[PDB]
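Structure record follows, encoded as structure tokens.
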Amino acid sequence: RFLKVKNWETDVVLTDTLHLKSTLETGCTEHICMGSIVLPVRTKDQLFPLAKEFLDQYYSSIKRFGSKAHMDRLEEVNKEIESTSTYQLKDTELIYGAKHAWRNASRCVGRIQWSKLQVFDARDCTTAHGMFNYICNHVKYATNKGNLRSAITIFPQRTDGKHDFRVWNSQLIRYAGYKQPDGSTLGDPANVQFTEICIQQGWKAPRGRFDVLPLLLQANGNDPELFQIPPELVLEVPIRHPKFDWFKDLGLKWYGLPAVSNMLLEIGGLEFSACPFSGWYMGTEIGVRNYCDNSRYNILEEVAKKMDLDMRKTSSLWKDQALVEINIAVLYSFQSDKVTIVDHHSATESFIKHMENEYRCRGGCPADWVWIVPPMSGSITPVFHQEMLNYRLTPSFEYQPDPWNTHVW
Amino acid sequence: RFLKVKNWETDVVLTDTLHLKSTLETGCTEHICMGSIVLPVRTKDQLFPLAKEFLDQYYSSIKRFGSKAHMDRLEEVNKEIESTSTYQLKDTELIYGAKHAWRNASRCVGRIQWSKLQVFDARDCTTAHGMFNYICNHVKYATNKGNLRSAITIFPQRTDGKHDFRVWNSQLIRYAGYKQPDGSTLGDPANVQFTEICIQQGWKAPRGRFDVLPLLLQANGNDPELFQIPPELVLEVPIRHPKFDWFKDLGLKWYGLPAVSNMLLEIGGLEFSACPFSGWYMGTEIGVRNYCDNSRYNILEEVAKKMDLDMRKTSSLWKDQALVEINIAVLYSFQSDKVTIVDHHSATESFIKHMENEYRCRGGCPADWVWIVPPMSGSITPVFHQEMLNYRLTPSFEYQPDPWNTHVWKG
Ligand code: HEM
Ligand code: HEM
Ligand SMILES: Cc1cc(N)nc(C[C@H]2CNC[C@H]2NCCNCCc2cccc(F)c2)c1
Ligand SMILES: Cc1cc(N)nc(C[C@H]2CNC[C@H]2NCCNCCc2cccc(F)c2)c1
Ligand SMILES: C[C@H](O)[C@H](O)[C@H]1CNc2nc(N)[nH]c(=O)c2N1
Ligand SMILES: C[C@H](O)[C@H](O)[C@H]1CNc2nc(N)[nH]c(=O)c2N1
Ligand SMILES: [Zn+2]
């Protein structure tokens with residue numbers, strides 16, 4: 001019932017009590033652990049307990065638990081559900097809901113920042129053109145000329161589920177992917193299917209390695225439409241190395257703003273299916289995953305060749321050498337251009353501090369070790385040595401089906 | 001029930017049916033994942049089911065399920081249990097059981113090797129000196145002058161839990177760790193407590209950075225006894241770097257033979273509390289953890305100093321740089337001395353091949369991702385991209401508490 005987690009590097013032990021509030025299921029059982037698995041409307045009756053549970057935590061957080069304003073609010077929501085079959089969040093509840101969805105994201109190493117999130121209320125939005133305007137303003141505000149600020153923009157909540165707002169893109173800013181007659185792939189292979197839906201919806205693709213995708217915005221369950229983010233709002237960094245002069249000849253660049261736009265935000269049983277949110281990069285996301293994944297840009301082979309390393313035996317660790325340098329270059333490039341970026345030592349150090357705060361201040365912190373530990377130098381970052389408990393709290397961000405599997409035309 | 005695992009580099013989807021034979025519990029619930037927690041006397045009653053299940057396993061595998069010889073052996077084990085309250089494994093069953101414990105070890109990346117395992121039966125052993133002897137022969141056979149061979153030596157099973165065979169060292173070969181007045185440590189910090197004990201028992205401590213510890217051996221529930229492994233049996237590798245000539249002057253070496261000795265082997269209900277086993281190192285065990293953990297030898301600073309890296313901001317990746325070079329040195333040094341070692345690229349690639357084979361032949365392969373993925377360069381090894389399912393099969397290796405915590409001293 002009361003659980004301990006130990007850090008094996010510091011011997012510091014923490015007691016978790018927050019897990020007993022978890023509602024949703026993990027994928028695991030007593031018989032099987034699904035820890036490494038990437039992926040393991042409401043009626044009037046389902047919605048009300050959800051609303052109450054949420055409002056209860058809200059009013060407790062503002063130290064007004066059991067007060068007349070608490071009781072009255074519970075009344076008003078119940079009455080709205082009974083007659084309208086849904087309800088509207090107050091601004092204050094919405095800000096709180098969003099922030100706690102981030103506080104609760106067990107896969108996010110950057111949650112020390114959870115309270116500093118700028119919430120843009122876009123529930124008055126009605127069209128795709130409106131969505132586009134909200135998005136460009138988010139993108140510009142968050143970017144802040146390279147001094148990035150965390151933000152989320154929240155579109156209208158789901159109704160009967162035939163009137164969903166969706167950003168089709170997986171991030172507001174991503175690069176196209178094209179399959180070539182050559183049999184290979186130019187650009188980001190992670191994006192082929194989506195790039196094809198952009199060309200099939202009308203986009204003129206420049207057919208480059210780094211083509212910023214057009215936004216595919218769906219309002220009120222309507223057919224999605226294309227828009228191009230003003231190029232001057234897309235801050236990109238050319239990638240160079242502080243010692244290797246030849247590194248820039250690789251042609252590499254990345255965008256400054258990581259902004260996830262395909263997730264579904266659940267607050268008090270209400271479902272916000274379009275809720276693009278953004279912060280700033282940890283270096284490894286680009287240098288390790290985007291650049292070096294075999295299924296991504298896959299440049300290790302080419303980089304190692306430029307450093308003149310022995311690629312005949314895996315045991316020369318040429319991959320590992322090239323990986324370090326690629327990641328040095330990413331960090332250096334973002335820093336030289338004054339675009340906020342955090343390295344994995346710094347991020348994990350910070351997440352450790354954040355865990356300790358969440359344990360004393362909340363009695364816990366759901367954390368997913370498989371995602372928290374960076375994809376390089378795992379054991380030299382402190383999160384490696386830290387036991388974590390993983391459980392699902394609400395409010396939350398969740399994955400949801402790609403809209404094209406779902407929405408018909 | 002048919003559970004699927006996806007590989008996200010390759011899109012290969014595998015179907016697990018073998019988790020259906022898992023009995024032991026994982027620590028996880030529908031409400032909580034304990035996937036990253038390190039550590040989450042039997043009666044007649046529970047024993048025959050465990051025996052029966054184990055022997056059904058054995059007999060199926062040799063294609064004799066339901067045979068007269070299978071039925072006779074069930075009957076004979078049955079009788080032996082109600083008459084003596086325990087039972088004895090045939091040699092063939094011990095061999096088969098010890099291989100399977102390794103096969104079922106979900107935290108072990110080395111399992112493509114599982115069928116090649118040298119089983120030494122030390123169930124006739126009765127004294128600590130007997131154990132010393134059996135262990136030396138293990139060390140020599142397994143070392144094989146650098147061409148390492150996998151082995152396990154199996155001492156008599158638990159009886160009333162009052163007459164346990166324990167090897168008290170965590171590995172047959174490890175270096176001492178000495179805590180100084182000033183708070184520093186000399187030698188391996190992880191063996192401090194266990195060194196203290198040895199000192200206490202009578203070991204005269206050399207007090208250097210790589211003193212190979214004595215064996216502290218318990219036979220038959222008796223107080224444990226000190227012994228020195230013959231130094232000529234302890235193969236070591238001095239660590240140097242192919243390009244960095246200053247690297248040798250760091251003074252580093254490691255031993256060639258990793259041989260876990262503190263684990264409990266369970267076969268068909270029986271508990272072998274002394275079953276030291278050995279294979280050969282993946283490089284990162286030494287170069288990442290033993291050398292570079294902050295709680296271990298912690299040589300990152302001193303290595304990055306000597307490479308003259310920019311050490312004033314973590315963002316130069318100076319740690320990542322030094323870490324790679326040290327790991328290059330470890331593999332270089334082993335290869336040059338013809339001591340078996342495997343790098344983490346080759347080890348993980350082999351395991352994927354193993355794992356795929358296991359799904360195809362056996363219907364699954366339980367695997368602990370948190371353990372399988374190497375502690376450096378995670379996502380450039382294919383295991384990182386591999387979904388895994390963790391579950392508990394017997395026969396099995398398990399943790400047990402440390403003997404000094406439980407042992408009832410006689411004097
Ligand atoms: C501010 C700096 C931030 C950093 C350094 C950061 C870091 C990360 C990293 C490294 C991941 C792993 C993602 C991957 O590898 O694909 C992640 C996941 C995630 N982050 Fe954060 N994050 C930040 C801000 C935010 C914000 C502002 C939110 C929401 C308000 C958020 C919500 C999430 C969610 C829901 C996931 C899991 C996504 C998934 O499962 O695919 N993050 N984060
Ligand atoms: C032959 C080459 C082998 C290699 C390279 C290898 C590699 C590894 C590695 C890297 C680990 C994780 C250990 C750690 O970081 O603490 C491990 C754990 C383990 N291995 Fe293997 N192994 C090998 C052979 C064997 C053998 C012969 C056995 C027993 C028959 C075995 C049984 C286990 C068990 C039970 C664990 C879990 C240890 C624990 O949970 O603390 N392995 N192995
Ligand atoms: C907000 C924020 C800040 C930050 N630094 N980093 C992030 C993760 C972003 C950026 N870099 C990767 C991307 N990650 C979010 C997308 N994750 C897909 C995971 C996935 C894939 C396939 C099937 C699934 F069920 C799940 C977000
Ligand atoms: C047989 C074999 C071969 C190989 N290559 N590698 C091995 C693992 C060994 C060597 N390098 C580390 C060690 N691993 C086994 C002991 N590890 C500690 C597990 C542990 C720690 C603390 C608390 C616990 F509850 C459990 C075995
Ligand atoms: C199979 C495995 O779950 C998958 O590769 C995970 C592992 N850890 C991860 N961790 C992070 N942060 N991001 C990821 O995309 C992944 N992928
Ligand atoms: C807390 C966490 O589970 C712990 O540090 C684990 C992580 N993965 C590991 N993996 C291996 N192979 N060996 C280890 O000692 C550990 N330690
Ligand atoms: Zn689990």
Side-chain angles (χ1 to χ4, degrees), chain A residues 3 5-6 8-9 19 22 25-38 242 283 288-289 292-295 300 313-317 319-321 323-324 327-328 331-332 335 343 345-346 349 367-370 373-380 384-392, chain B residues 3 5-6 8-10 19 22-23 25-38 283-284 288-289 292-295 300 314-317 319-321 323-324 327-328 331 335 343 345-346 349 367-370 373-380 384-392:
Chain A
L3 290 172
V5 305
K6 173 176 164 161
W8 290 86
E9 184 202 353
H19 80 275
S22 88
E25 276 142 340
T26 50
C28 298
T29 77
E30 326 84 64
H31 293 296
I32 195 142
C33 182
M34 298 208 173
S36 65
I37 309 266
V38 171
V288 180
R289 298 304 310 280
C292 299
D293 274 22
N294 284 328
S295 79
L300 272 175
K313 335 158 305 125
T314 69
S315 50
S316 77
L317 310 196
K319 266 167 189 183
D320 309 66
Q321 296 211 262
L323 180 70
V324 175
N327 283 265
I328 284 174
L331 290 165
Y332 173 74
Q335 286 159 174
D343 66 79
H345 302 287
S346 205
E349 211 212 339
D368 180 344
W369 189 103
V370 173
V373 176
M376 78 179 288
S377 297
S379 81
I380 68 161
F384 190 91
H385 309 273
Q386 175 68 60
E387 290 181 350
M388 304 174 190
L389 284 165
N390 192 210
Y391 48 98
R392 316 227 312 156
Chain B
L3 284 171
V5 279
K6 181 168 167 180
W8 296 84
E9 297 277 47
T10 68
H19 72 282
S22 176
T23 44
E25 289 173 338
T26 55
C28 292
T29 68
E30 314 103 275
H31 289 109
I32 203 154
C33 181
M34 308 222 302
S36 76
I37 313 295
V38 174
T284 59
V288 190
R289 313 296 315 283
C292 288
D293 275 14
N294 295 149
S295 326
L300 273 179
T314 62
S315 65
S316 57
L317 298 210
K319 281 191 188 173
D320 310 69
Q321 287 200 277
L323 181 62
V324 175
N327 275 270
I328 281 163
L331 287 159
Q335 276 147 194
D343 71 63
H345 302 287
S346 172
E349 170 159 2
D368 178 342
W369 197 102
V370 170
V373 177
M376 79 179 294
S377 303
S379 67
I380 65 162
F384 184 100
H385 302 272
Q386 176 65 54
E387 297 179 346
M388 291 177 199
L389 286 164
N390 194 200
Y391 50 82
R392 294 184 35 183

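Labels below follow one simple rule: chain letters A, B, ... track the order of the sequence lines, proteins then strands, and each chain is numbered from 1. Note that these values count all heavy atoms, side chains included, but never hydrogens, waters or copies made by symmetry.
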Spacing of B/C33 atom SG and A/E25 atom CD [to the nearest 0.5 Å] = 14.0 Å
Mind checking the NE2-CG spacing from A/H345 to B/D320? Nearest 0.5 Å is all I need.
-> 3.5 Å
Whatever's closer than 4.5 Å to a heavy atom in chain B on A/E349 counts as neither
Heavy-atom distance under 4.5 Å to chain A: side chain of B/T23, backbone, both or neither?
-> backbone
Relative to chain A, which segment of B/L389 carries a heavy atom at a distance below 4.5 Å: side chain, backbone, both, or neither?
-> both
Are any side-chain N or O atoms of A/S36 and backbone N or O atoms of B/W369, one a donor and one an acceptor, separated by less than 3.5 Å?
-> no
Do the non-hydrogen side-chain atoms of B/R289 and A/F384 ever get within less than 4.5 Å of each other?
-> yes
Do A/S295 and B/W8 come within less than 4.5 Å of each other through their side chains, counting heavy atoms only?
-> no
Check for a donor-acceptor pair, side chain of B/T26 on one end and backbone N or O of A/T29 on the other, with a separation under 3.5 Å.
-> yes
Who among A/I328, A/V373, A/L3, A/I32 has the most heavy-atom pairs with chain B under 4.5 Å?
-> A/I32
Note: vs chain B, highest number of non-hydrogen pairs under 4.5 angstrom among A/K6, A/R392, A/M34 is A/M34
Short side-chain donor-acceptor distance under 3.5 Å, A/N294 and B/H385 | no
Distance-only, no hydrogens or angles: does the A/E387 side chain make a donor-acceptor pair with backbone N or O of B/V38 under 3.5 Å?
-> yes
Can you say whether B/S22 sits under 4.5 Å from chain A via the side chain, the backbone, both, or neither, judging by heavy atoms?
-> both
If you tally heavy-atom pairs under 4.5 Å against chain A, which of B/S315, B/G35, B/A367 wins?
-> B/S315
Below 4.5 Å from any heavy atom of chain B, which atoms of A/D343 appear? Answer side chain, backbone, both or neither.
-> side chain
Roughly how far apart are B/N327 CG and A/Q321 CD, rounded to 0.5 Å?
-> 11.0 Å
N/O donor-acceptor pair under 3.5 Å between B/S346 side chain and A/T314 backbone | no
A/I37, part contacting chain B, at a heavy-atom distance under 4.5 Å = both
Do A/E9 and B/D293 come close enough that some side-chain heavy atom pair is under 4.5 Å?
-> no
Value for CE (B/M376) from OG (A/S377), rounded to nearest 0.5 Å, stands at 6.0 Å
Name the member of B/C292, B/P374, B/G378, B/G27 that forms the most heavy-atom pairs with chain A at distances under 4.5 Å.
-> B/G378
